[PDB]
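A.B. asks: Structure incoming, see below.
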Amino acid sequence: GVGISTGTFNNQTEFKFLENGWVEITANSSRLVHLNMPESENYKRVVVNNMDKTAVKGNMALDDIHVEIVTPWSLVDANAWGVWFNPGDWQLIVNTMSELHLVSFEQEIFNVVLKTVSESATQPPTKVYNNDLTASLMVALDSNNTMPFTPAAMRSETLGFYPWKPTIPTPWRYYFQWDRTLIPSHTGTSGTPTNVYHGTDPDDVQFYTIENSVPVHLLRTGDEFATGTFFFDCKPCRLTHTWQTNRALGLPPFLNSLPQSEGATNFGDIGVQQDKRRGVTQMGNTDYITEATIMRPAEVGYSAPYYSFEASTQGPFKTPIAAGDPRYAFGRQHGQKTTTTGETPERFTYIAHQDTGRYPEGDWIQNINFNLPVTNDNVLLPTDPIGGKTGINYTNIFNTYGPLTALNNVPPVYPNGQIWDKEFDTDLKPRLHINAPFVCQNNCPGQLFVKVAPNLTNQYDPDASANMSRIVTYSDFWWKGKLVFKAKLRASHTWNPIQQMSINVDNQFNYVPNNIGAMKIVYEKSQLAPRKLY
Amino acid sequence: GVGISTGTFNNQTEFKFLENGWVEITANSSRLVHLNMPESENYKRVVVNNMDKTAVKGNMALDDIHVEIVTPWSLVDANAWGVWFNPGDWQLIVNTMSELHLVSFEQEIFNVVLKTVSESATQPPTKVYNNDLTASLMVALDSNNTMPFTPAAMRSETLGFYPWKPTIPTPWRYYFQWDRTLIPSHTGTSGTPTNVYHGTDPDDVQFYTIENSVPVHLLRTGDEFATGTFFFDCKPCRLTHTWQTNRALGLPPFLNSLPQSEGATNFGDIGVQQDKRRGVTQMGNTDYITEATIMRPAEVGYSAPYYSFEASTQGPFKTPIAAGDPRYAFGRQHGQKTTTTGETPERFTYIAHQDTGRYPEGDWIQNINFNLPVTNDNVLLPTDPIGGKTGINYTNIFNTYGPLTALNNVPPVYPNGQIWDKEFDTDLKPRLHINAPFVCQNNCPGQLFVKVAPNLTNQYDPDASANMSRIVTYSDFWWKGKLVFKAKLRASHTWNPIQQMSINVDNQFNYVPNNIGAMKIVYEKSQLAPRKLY
Amino acid sequence: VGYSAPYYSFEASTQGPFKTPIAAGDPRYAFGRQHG
């Protein structure tokens with residue numbers, strides 16, 4: 001079946017309007033993947049140590065020591081908005097829909113090709129490329145999710161973001177258990193602190209192998225491989241933002257005095273002594289009913305320790321937060337001006353709100369007796385130092401998460417954000433994930449692994465440390481996916497128009513190529529349109 | 001039926017999504033109309049003369065002389081976008097739809113009320129208002145369009161634009177035939193030019209009366225009046241704009257030399273001698289194939305005489321144009337800051353494009369022999385004077401309308417634009433109307449006329465020039481309409497996002513009221529989204 | 001309503017000059033005996 005294609009190229013996205021303001025978005029995405037022979041046909045357990053870095057009292061956060069099992073397989077990840085939608089599409093989705101539902105997903109590998117490089121060592125010397133018509137491309141689709149979940153979006157290693165630009169899969173590797181101790185220290189810290197990699201705990205050792213836990217298919221040119229259709233089990237993602245804070249929840253105080261002429265200084269006036277007002281308060285002490293005192297239903301948002309690093313058996317790690325900022329570093333293949341030189345990533349900090357965010361500088365604590373103006377001794381301000389440290393206040397320690405905490409889930413981040421994420425297999429689970437807006441609880445699509453089957457030479461001896469020598473082979477194959485969403489059309493509820501993504505005299509050139517054909521994909525806001533929270 | 005309401009107030013707009021990217025927009029609009037007794041119960045033929053103004057050699061365009069028949073009836077006009085949609089709605093329609101179809105229209109008059117004012121001439125003196133429970137409000141709906149078509153949008157005299165602000169109908173009046181001569185003159189013109197109103201031509205006299213050609217209903221409080229549903233016969237209005245001009249129609253010339261490094265000065269190069277190129281030209285003379293010479297299918301847009309005033313039996317009038325600018329003057333009730341003082345209208349010049357527009361300064365004409373660089377004697381430029389006038393060039397006279405003229409229809413102008421317009425009853429008709437995007441050819445909704453029936457006093461004598469004296473009466477009544485459109489949802493066809501109406505840190509306050517409750521409705525662009533013309 | 005056109009304009013094509021026709025408002029009818 002050499003002279004016959006086994007698939008079709010399709011990179012169109014279709015919006016099929018169903019019944020009652022609900023539409024069905026079908027994002028088709030296909031690409032040409034380039035894959036090289038494994039640098040090593042073996043599984044390696046590799047340790048990464050960098051104490052020297054962390055050895056510098058004050059450089060703890062720069063800790064990279066970990067252990068990973070390097071597999072001879074590559075992973076074809078497409079989990080990132082940039083892989084399915086282009087700027088124009090994102091505008092549409094983001095501007096006219098009000099919520100998105102992730103529905104199904106399927107992939108296929110067609111028109112497989114395997115070539116061979118001959119080093120025609122003549123003069124220059126030359127180099128030749130030929131077709132190995134009988135060579136095979138190994139494919140494995142871990143449907144039962146046996147293998148560790150390794151989303152490539154976290155290291156900006158997904159498939160390209162341009163339909164017309166060949167891409168490639170990423171070398172697959174996963175974490176291996178290890179013990180490590182690193183004790184905090186600042187510039188002044190005396191003597192060498194404790195910084196040591198202890199090793200591996202036998203009881204947590206898990207050496208995974210694809211061969212052993214997943215059936216492998218060998219695809220020759222004539223062959224093709226197709227995944228079935230997976231249907232997710234995720235909650236709907238919203239494309240609306242709330243803005244209210246406890247200070248804007250409920251019936252505003254009745255103004256007994258209203259302005260009588262336009263004017264920035266023409267304010268209205270409640271017109272009632274702060275301690276002779278009616279209403280509800282949760283302060284059994286005072287008779288003071290103020291906008292900061294009046295009782296609200298619950299609390300929109302919470303406060304958490306900032307730049308807090310906790311430690312467990314593998315080392316320190318930043319205490320994650322649900323507030324509002326992700327920082328995305330990437331490049332060339334996923335945005336970053338294509339013609340850009342050097343090897344410095346491009347990046348952005350997607351800022352998302354005032355929906356649950358906090359201004360620490362505005363926080364403060366007072367003595368139960370109240371008694372204002374409050375005395376310095378009865379107030380702990382975000383200015384008074386903790387532990388004697390000049391740069392540490394109670395807020396860095398503070399946590400106001402509790403039974404009344406209201407909160408929203410992560411918004412979509414085009415085009416660098418991950419789309420769906422697998423849930424933790426713990427008995428109690430995170431009320432949300434910080435990395436993706438969609439989390440398949442029970443079932444998530446299985447990972448797809450590719451690998452160029454070993455093209456041996458006439459000389460091969462299993463019983464020899466040597467290192468099998470094989471014909472230089474590589475494979476190019478097309479990949480095609482289909483991600484289906486279900487979305488609801490938004491409606492206008494206010495008299496005033498609203499936030500909409502548009503092209504300006506300023507963005508204009510972030511959506512077109514240049515005289516050299518350089519390109520780039522700029523990030524974009526996703527939940528632009530207020531929604532009444534209460 | 002005095003103590004019982006006869007209608008419901010509804011000012012909601014509903015979008016009902018049907019099948020296949022088509023939605024049904026139902027704009028409901030109801031309002032409280034205030035109506036006063038006729039200043040005169042009679043029909044008057046009134047002449048308006050202002051020669052003194054036009055008598056000033058050079059002030060011809062300021063000619064207002066006309067004759068009109070003043071009727072004792074008021075007209076309830078709702079034909080203007082501002083009456084049916086608010087800013088938020090217009091954004092939705094304009095941003096997500098790709099074409100609009102005017103479908104049906106119906107009105108109703110309910111909860112009629114008639115009051116009487118008593119001048120309690122005590123001290124101040126006082127004033128009293130009472131209910132005339134047996135008084136009637138006269139209503140007439142000219143279904144057969146017997147009466148002259150007088151759209152109130154042309155003089156900014158529609159119903160209000162705010163649901164919560166009582167409005168009023170406009171005194172109805174229509175043109176009466178008259179003869180008038182006014183001869184052009186400029187400041188220097190010598191002797192008094194000819195400026196005279198000749199009178200009326202018996203053969204064109206048409207004195208229209210509602211009583212005589214329309215059935216009138218008398219509505220007392222308990223009564224209510226409802227129009228049936230009219231279905232228009234108009235072409236679809238587009239919500240997309242084209243941008244191509246003959247210079248951008250077709251296969252661009254093949255560049256034999258392309259840039260090799262980014263750079264504003266790194267241009268591509270056709271790479272072929274202008275007279276040794278292949279292609280098609282409509283210039284049988286030259287061998288010059290240039291972007292301004294190469295042959296295009298037809299012509300996008302045309303050129304017409306500018307600030308041309310033509311004259312017919314009623315006087316001078318500006319020669320109308322289909323190009324791209326309307327100027328809208330209005331106020332208070334239809335936009336203009338509500339609290340604004342004085343009596344100076346608010347206004348704007350809706351600029352709409354580069355779709356068919358022309359830059360006269362760029363036009364020029366040359367001798368058939370061609371022969372360039374062209375000699376002054378073989379070129380008439382938009383600079384060389386015509387008729388000796390320093391400020392007149394051939395372009396002011398010029399007209400390039402013909403068999404190849406491509407062209408689009410008027411876009412919607414929110415909120416001051418008229419919605420539909422009646423077609424001329426001439427054997428040959430305008431390929432379009434400059435005042436509205438929708439033109440019912442055969443059938444247009446009939447005009448609705450209101451009038452407070454005469455509340456006579458005990459003293460009334462028909463046979464006396466006097467002037468019937470009647471009890472001071474006035475009526476308030478609610479009006480409610482329903483305009484239905486059918487629209488298609490737009491799709492993304494380019495890789496780049498597109499123009500979208502949005503709220504900025506700049507418009508923000510054009511969509512909210514002030515501390516005094518002042519309000520205003522700012523105009524907005526309608527066909528924002530390119531469409532491939534060819 | 002109506003338009004303006006060049007008056008007493010004669011154009012020429014392969015058979016000679018001819019008055020540029022108009023849609024405005026006047027026909028002139030010359031006849032005799034048998035038709036009035």
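Naming scheme: A, B, ... for chains in displayed order of the structure tokens; residues 1 onward per chain; ligands 1 onward as shown.
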Which residues in chain C does DSSP call strand (DSSP E or B)? List them as a list in words.

C.D. replies: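 Written out, the strand (DSSP E or B) residues of chain C are residues 10, 11, 12, 13, 16, 17, 18 and 19 of chain C.
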
A.B. asks: Applying 12 Å and only C-alpha atoms, which residues near residue 425 (chain A) remain after dropping the ones on its own chain fewer than 2 positions away? List them as a VMD selection string.

C.D. replies: chain A and resid 145 148 to 149 422 to 423 427 to 430 440 to 443

A.B. asks: Keeping only N, CA and C atoms, take the residues you just selected and write them out as a short mmCIF file (atom, residue, chain, number, x, y, z; two decimals), in the first residue's frame.

C.D. replies:
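And here is the file that came out, selection.cif:
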data_model
loop_
_atom_site.label_atom_id
_atom_site.label_comp_id
_atom_site.auth_asym_id
_atom_site.auth_seq_id
_atom_site.Cartn_x
_atom_site.Cartn_y
_atom_site.Cartn_z
N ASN A 145 -5.00 4.66 30.76
CA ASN A 145 -4.19 5.54 31.58
C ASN A 145 -3.38 4.77 32.61
N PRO A 148 1.97 7.42 33.76
CA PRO A 148 1.82 8.66 34.53
C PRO A 148 1.33 9.75 33.60
N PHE A 149 0.49 10.65 34.11
CA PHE A 149 -0.07 11.72 33.30
C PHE A 149 0.93 12.87 33.13
N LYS A 422 -6.15 15.76 34.11
CA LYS A 422 -6.59 14.58 34.83
C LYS A 422 -6.69 14.89 36.31
N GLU A 423 -7.68 14.32 36.98
CA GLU A 423 -7.89 14.55 38.41
C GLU A 423 -6.96 13.70 39.28
N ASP A 427 -8.26 10.39 47.85
CA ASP A 427 -9.61 10.25 48.37
C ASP A 427 -10.35 11.57 48.47
N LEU A 428 -9.64 12.65 48.80
CA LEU A 428 -10.27 13.96 48.88
C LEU A 428 -9.63 14.69 47.71
N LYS A 429 -10.41 15.46 46.95
CA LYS A 429 -9.85 16.13 45.78
C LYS A 429 -9.90 17.65 45.75
N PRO A 430 -9.03 18.26 44.94
CA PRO A 430 -8.99 19.72 44.83
C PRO A 430 -10.29 20.24 44.29
N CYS A 440 -11.33 16.08 33.64
CA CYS A 440 -12.14 14.88 33.55
C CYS A 440 -11.97 14.19 34.87
N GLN A 441 -13.07 13.96 35.58
CA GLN A 441 -12.93 13.29 36.86
C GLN A 441 -12.57 11.85 36.62
N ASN A 442 -13.57 11.01 36.42
CA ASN A 442 -13.30 9.60 36.21
C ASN A 442 -12.47 9.23 35.00
N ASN A 443 -12.86 9.71 33.83
CA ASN A 443 -12.14 9.33 32.62
C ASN A 443 -11.54 10.46 31.78
#

A.B. asks: Looking at A:388, A:82, A:315, A:305, which one is nearest to residue 181 (chain A), with distances taken over only C-alpha atoms?

C.D. replies: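 Among A:388, A:82, A:315, A:305, it is A:315 that comes nearest to residue 181 (chain A).
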
A.B. asks: Could you pull the residues within 8 Å of residue 490 (chain A), counting only C-alpha atoms, minus those fewer than 3 positions along the same chain, as a PyMOL selection string?

C.D. replies: chain A and resi 21+96-98

A.B. asks: Per residue of chain C within 12 Å of chain B, what are the shortest atom pair and its distance in Å to one decimal, counting only C-alpha atoms, with rows by chain and residue number, as CSV?

C.D. replies:
residue,atom,partner,partner_atom,distance
C:1,CA,B:426,CA,8.7
C:2,CA,B:312,CA,9.0
C:3,CA,B:310,CA,8.7
C:4,CA,B:310,CA,8.0
C:5,CA,B:399,CA,11.1
C:6,CA,B:397,CA,11.9
C:23,CA,B:428,CA,11.2
C:24,CA,B:312,CA,11.3
C:25,CA,B:312,CA,10.7

A.B. asks: Applying 9 Å and only C-alpha atoms, which residues near residue 77 (chain B) remain after dropping the ones on its own chain fewer than 4 positions away? List them as a list in words.

C.D. replies: residues 151, 152, 153, 157, 158, 159, 169, 170, 447 and 448 of chain B
